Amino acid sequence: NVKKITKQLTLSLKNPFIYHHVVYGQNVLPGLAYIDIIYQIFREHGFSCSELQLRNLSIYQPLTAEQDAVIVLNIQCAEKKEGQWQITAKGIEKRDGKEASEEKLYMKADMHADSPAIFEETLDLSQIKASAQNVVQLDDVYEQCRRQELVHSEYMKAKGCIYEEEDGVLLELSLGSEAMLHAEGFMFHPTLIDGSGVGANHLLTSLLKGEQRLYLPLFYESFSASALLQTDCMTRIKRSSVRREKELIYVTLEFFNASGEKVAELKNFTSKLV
């Protein structure tokens, strides 16, 4: 029924992800929020998350807003071949200040309607905790972010802790009380997904060789999901998936429900040094 889907978003400091996510003092839509954005759009046209695979998402620049400026973000999904959409998100900044500015490319991606997303992997969660060598509370990791001038507050700060071992990390993530109140309308909650990125970056620390400049999202190879991630998740990051190559870091995020079943994966989440 759809060949061309468009959605216009008005992004400003009224948006709680932008207001509560500050990078080198600028309010920024977390790049990991695009997953929710895109899956909302297809859902509105009848697609279940399990029908789709998001592929080759690229971020061209951060989506930033200051003061009262509004970014009017036009998302077009165009069905190039059957079950294959090219997505582009381009925005114009409206203010006063000075009125509408020139159109900028923020993100592009592909969405494939082929293939149902199914996962067989399960985990014995308690076991994994019991075998943990150290537990890091997540507030302490957000403490470190703030020292590197990345500041999540309130709605944007996940709750939980990181279970560390030689082989990887397990992130026990849930919404804070303010975001929890509104979790029901999300598909892949940006706080859960961003928090998982923050956990990944904590496992990358040794490979970072003391570097303090932030790494922002650049590229996602794929995202696939058999169920929504709304209130909580268990995220595993395997050391074998994480690497640094000069200016670029790579990780693979595996999402599990509270019962331990694998329900999503972000493969080769790539970020780039600022």
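Don't overthink the numbering: it's just position in the shown sequence, from 1.
Remark: stretch with higher mean C-alpha B factor among 210-218 and 55-63 is 210-218. For the segment pair 259-267 and 13-21, the entry gives 259-267 the higher mean B-factor, averaged over Cα atoms.
When the C-alpha B factors of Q26, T231, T235, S240 are read from the deposited coordinates, the top value falls at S240. Per the deposited coordinates, the residue with the largest Cα temperature factor out of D110, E154, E79, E143 is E143. Sort the modelled residues of the chain by CA B factor and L150 lands in the middle third. Compared with the other modelled residues of the chain, the Cα B-factor recorded for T205 ranks in the highest third.
In the deposited entry, the Cα temperature factor of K104 sits in the middle third of values across the chain's modelled residues.
Among the modelled residues of the chain, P190 sits in the lowest third by CA temperature factor in this PDB entry. Annotation for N74: CA B-factor lies in the lowest third of the chain's modelled residues.
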